[PDB]
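>>> Sequence below, structure please.
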Amino acid sequence: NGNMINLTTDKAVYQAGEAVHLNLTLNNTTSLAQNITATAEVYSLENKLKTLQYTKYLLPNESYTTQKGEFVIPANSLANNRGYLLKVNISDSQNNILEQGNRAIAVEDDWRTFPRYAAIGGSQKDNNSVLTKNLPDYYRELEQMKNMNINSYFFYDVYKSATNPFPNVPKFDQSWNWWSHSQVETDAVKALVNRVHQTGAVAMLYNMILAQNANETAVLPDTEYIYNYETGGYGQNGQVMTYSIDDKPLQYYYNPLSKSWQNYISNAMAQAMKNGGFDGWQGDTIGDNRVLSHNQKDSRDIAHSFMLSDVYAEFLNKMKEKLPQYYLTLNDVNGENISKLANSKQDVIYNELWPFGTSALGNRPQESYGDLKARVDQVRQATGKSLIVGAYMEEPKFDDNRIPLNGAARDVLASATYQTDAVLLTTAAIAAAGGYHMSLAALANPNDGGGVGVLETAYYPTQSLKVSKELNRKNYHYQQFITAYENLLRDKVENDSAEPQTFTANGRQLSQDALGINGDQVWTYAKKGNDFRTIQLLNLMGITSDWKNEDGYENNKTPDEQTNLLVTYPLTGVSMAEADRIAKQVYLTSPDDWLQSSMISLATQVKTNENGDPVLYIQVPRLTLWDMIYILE
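Numbering: from 1, shown residues only. See the structure here:
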């Protein structure tokens, strides 16, 4: 159900002083030689800023792709740090619409305000190696990501070792990879970094912050190691903190407060980033632990100990000072520690979230779409930033007899696809709340069917399910939406205590739990920005609210399609004249197939409550998975 317009831009992202060069393809799919017209309307939210247009006389079945200069949005035409929509209609000489497609355009200083982050990793077909022979596949994936406006790339497992992350050699072995013995060809990584940069995006190098590999000579004296306070998973009290598998040490850890380690790892990362052309550091840690310095390793006094997480903010501030031209972030697994970390000098906030983490809502697991929203909100409240969420989908898991341990593993045995709507709902839940779901991946992997991958597990190169063509196309639609409406979703936009409600035409209230922890509802809530309100409608009709879909297709995640819904929104404190004005300026947009980020005007009536306060009664024509109502106010 995709179009053949092949709408493409020269870059993924633009500075305000940079022209947008667009190319589009006009197809005469008719039996008559005639003028075919491409009309590309440039919208800023509901406002049509420009109409672009070009017509070409084409013989039957003839196509023409526009050349450089033919469709252009000149420099200094668009306000900075904003998203726009290009709404394209191809028409014949009778004004019949032959095909339609929409594309967002992102104008921004850099990726920090509205991060749209994808991963890049080695190829499962080639022992998870990163190889020059796979560049053509990577470049096809990267072209698709460019046209999805991705502004940043997480280079996963491209490093040699934690203390020598990207040396100047042609190839290296990743010796810590004991399961497949992956290799890296450095020219391949450099070519991927150069290609990312051609699009305007940045390249982030993933590496641990405190680690060294256990089978390499220590890069510093034991005075700089960190020690366990209590006997546990990382070894005995008074011994170096060690990550082991099957009684074999894999990594030892340094004290974040060690100045020698701070200087060592910052300088090592600077050299590695300069070797590869990287733009910053995607940090990680093995997990939190109560620890002692070397000087205190023999103490049993808890007041002499500290949690690693209580020194991460200081360590990151030191890294930022030592890496001033580089971007920096640190995964905070399950978002446990935003309160501790809120003042740290990270450029973006990144959390890998798991359903077994404790929810930001309180004492429940982080397993539902509403728990993802709550974490996003918690980060915005603490830092003012939009949370990048790693929330890997389905994660099929097996035992040794390949017995499935979950329903997604049953799908794997059936050579099935990812459950498209499950992935889209998680992406929707996170973006509607003001975050970004880091889900898309360039992995040169055959199960991605020529498109882009979807992250399924912590080891990003693994793709056990197929990405259907439908999911590839709908992922593209959703990325255009998250770009085009970024200013409505995450630019000084906060929760609204006004409680919208959603009804069918025949007397049912479909909004039942505004926290989004129960399914079988139209999850409905509002947000407030500077001159507007939004109402998010996430369709959970007839489906559960768990975001991960570990069941795969054993638990259907296509919600029951709705039509002709009514949404109410109270305007208490607003005059009738202002309400009437607002009612003529209610719009809806959706990334689902019926609109593909197009915006429509909604019929709306102003009624009053018992006290004469205005209430909007908004007619919503359709809800597939995700609608956003935009109320100018």
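>>> if I pick residue 204, what's in contact with it?
117, 152, 153, 154, 155, 278, 279, 280, 281, 282, 327, 329 (Cβ atoms under 8 Å, 6 or more residues apart in numbering). For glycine as for every other residue, the C-beta is placed from the backbone atoms N, C-alpha and C.
>>> same thing with residue 224?
Residues counted as contacts of residue 224 (Cβ under 8 Å, 6+ apart) are 254, 255, 258, 260, 261, 294.
>>> now swap in residue 345 and tell me
316, 317, 320, 321, 328.
>>> Domain map for the chain?
Taking curated CATH domains as the criterion, the chain consists of the domains 1-111, 112-491, 492-633.
>>> Out of these, which is the most enclosed?
domain 112-491 (a mean of 20; mean count of other Cβ atoms under 10 Å).
>>> which stretches of this protein form helices?
For the chain, the helices defined by DSSP state H occupy 135-146, 186-198, 259-276, 312-322, 338-341, 369-383, 407-413, 420-432, 469-484, 486-490, 576-583.
>>> between these, which one is nearest to residue 561?
Relative to residue 561, the nearest member of the helices of the chain by Cβ to Cβ is helix 420-432, separated by 11.0 Å.
>>> Show me what that closest one is packed against.
On a contact count with 3 or more Cβ pairs under 8 Å, 6 or more residues apart in numbering; DSSP states H and E, helix 420-432 meets helix 369-383, strand 436-437, helix 469-484, strand 532-539, strand 626-632.
>>> List the neighbouring strands of the last one plus their orientation.
The pairing partners recorded for strand 626-632 under DSSP bridges are strand 532-539 (antiparallel), strand 586-589 (antiparallel).
>>> sorry, back to before: of the helices of the chain, which approaches residue 590 most closely?
Closest to residue 590 of the helices of the chain, according to Cβ to Cβ: helix 469-484, at 7.6 Å.
>>> ok, now how distant is the closest residue to residue 151 other than its chain neighbours from residue 276?
Spatial nearest neighbour of residue 151, excluding adjacent residues (Cβ to Cβ, 6 or more residues apart in numbering): residue 111 at 4.0 Å. From residue 111 over to residue 276 the distance is 18 Å, taken as Cβ to Cβ, to the nearest Å.
>>> ok, now residue 148?
Going from residue 148 to residue 276 by Cβ to Cβ gives 23 Å.
>>> With residue 77 instead?
Computed as Cβ to Cβ, the residue 77 to residue 276 distance reads 35 Å.
>>> List the beta-bridge partners for the residue lying closest to residue 410 once chain neighbours are set aside.
In space, residue 410 comes closest to residue 404 once its chain neighbours are excluded; the distance is 4.4 Å by Cβ to Cβ, 6+ apart. Counting by DSSP bridges, residue 404 is bridged to residue 398.
>>> got the contact list for residue 404?
Shown in contact with residue 404 (Cβ under 8 Å, 6+ apart): 396, 397, 398, 410, 412, 413.
>>> got the contacts of residue 204 as CSV, with distance to residue 419 columns?
Output for the contacts of residue 204, formatted as CSV (distance: Cβ to Cβ, whole Å):
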residue, distance to residue 419
117, 23
152, 27
153, 26
154, 24
155, 28
278, 34
279, 34
280, 34
281, 34
282, 28
327, 34
329, 30
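>>> Okay, and which of those map to strands?
Counted as lying in strands by DSSP state E, out of these, are 117, 152, 153, 154, 155, 280, 281, 282, 327, 329.
>>> quick one: contacts for the fourth one?
Residue 154 makes contact with 117, 118, 119, 120, 204, 206, 282, 438 under the criterion Cβ under 8 Å, 6+ apart.
>>> Try it again at 6 Å.
Listed by Cβ atoms under 6 Å, 6 or more residues apart in numbering, the contact partners of residue 154 are 117, 119, 204, 282.
>>> again with the first one
By Cβ under 6 Å, 6+ apart, the contact list for residue 117 reads 152, 154, 388, 438.
>>> measure residue 267 to residue 184 for me?
For residue 267, the distance to residue 184 equals 21 Å [Cβ to Cβ].
>>> got the contact list for stretch 228-248?
Contacts to stretch 228-248, defined as Cβ under 6 Å, 6+ apart, come from residues 225-227, 249-253, 286, 289-292, 297-298, 305.
>>> which pair in these spans the largest distance?
It's 250 and 298 that sit farthest apart of those, by Cβ to Cβ, at 25.1 Å.
>>> Now flag whichever of the contacts of residue 204 is closest to residue 564.
residue 117 (37.6 Å).
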